[PDB]
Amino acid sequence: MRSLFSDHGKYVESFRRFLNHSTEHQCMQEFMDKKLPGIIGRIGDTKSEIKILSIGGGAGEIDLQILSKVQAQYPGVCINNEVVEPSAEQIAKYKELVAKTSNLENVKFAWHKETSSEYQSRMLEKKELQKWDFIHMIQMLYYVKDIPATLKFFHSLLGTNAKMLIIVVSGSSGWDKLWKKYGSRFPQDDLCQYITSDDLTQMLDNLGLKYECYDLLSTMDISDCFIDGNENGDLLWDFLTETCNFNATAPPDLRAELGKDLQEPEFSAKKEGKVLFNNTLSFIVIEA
């Protein structure tokens, strides 16, 4: 079997299906609407510039949501929003979104096409550690090799009253049950590792950092996955399993087992015939 990651065209089509077949971004929009204001409400105090470091910012959708809340809290204050993103393709879409969006006149953007570890090394030999007011790592720690080192390093870059936000799937999510039970059966690329809030809270406790973790229910419409030959269903099958052409390349036995479990309460909830996979997210806020 081939991991969905070794086929950009596939991964992109699969992912796109995901965002359009779940409450991922809405769930986050809810957090940004009801929680973020209180979280970043004092990060700009006493400053004439608010520095925001986006790690794994991707295409910029969530980043702008965040920018909107900081501006609302600090009218007229200049914002330096730097992005660390290894994908040239993502960076291009990000810049495109910025141009097509209004009310961003007070924000300065800067994109660094590198990974978070490459950014770290590039900074360490600068023998001048810069400070940031808000650092966020949204749904990207899966792609980081050394997580504890990453957490300690970026936490060391937090300035006065600064905060760091990390988002990953919750240990109570369906993904957690999925990876525990079928993880070994799925393809394995050294380009990613399974991570849940459980892993991060253990690491944070051991690092001795101060933090708070909040979970918000989120679902993934897996209904269509049941209909044979269905377009949306199969696309979502590849995603969920992180494999190219699952409903056609995966052993018939594995397909049956998994197909049944996805129906179990541990993984999903059957509401109005609609099958909703548990995509609960965890939002972790670390203090300077």
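Rigid core (definition): largest C-alpha set, two forms, superposition within 1.5 Å. One-based numbering along the sequence shown.
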Q: With the rigid core held as the alignment frame, decide whether 185-193 or 156-164 lies farther from the shown form in 4 other deposited structures of this protein, in terms of RMS C-alpha distance.
A: 185-193
(Q) So, in 4 other deposited structures of this protein, taking the root mean square over structures and residues of the Cα distances after a rigid core fit: is 232-240 or 48-56 the more displaced stretch? (A) 232-240
(Q) Using only C-alpha atoms and the B-factors in the entry, which stretch averages higher, 157-165 or 90-98? (A) 90-98
Q: Give the stretch, out of 233-241 and 53-61, with the larger mean C-alpha temperature factor in the deposited entry.
A: 233-241
Q. Which one of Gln29, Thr219, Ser48, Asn247 shows the top CA temperature factor in the record?
A. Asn247
Q: Among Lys108, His136, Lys181, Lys127, single out the one with the highest C-alpha B factor in the record, please.
A: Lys127
Q: Using the B-factors in the PDB entry, rank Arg185's C-alpha atom against the chain and give the third, lowest, middle or highest.
A: highest
Q) With respect to C-alpha B-factor, does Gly41 fall in the lowest, middle or highest third of the chain as deposited? A) middle
Q: Just say lowest, middle or highest third for the CA B-factor of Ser268 relative to the other modelled residues in its chain.
A: highest
Q. Lowest, middle or highest third of the chain for the C-alpha temperature factor of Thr280?
A. lowest
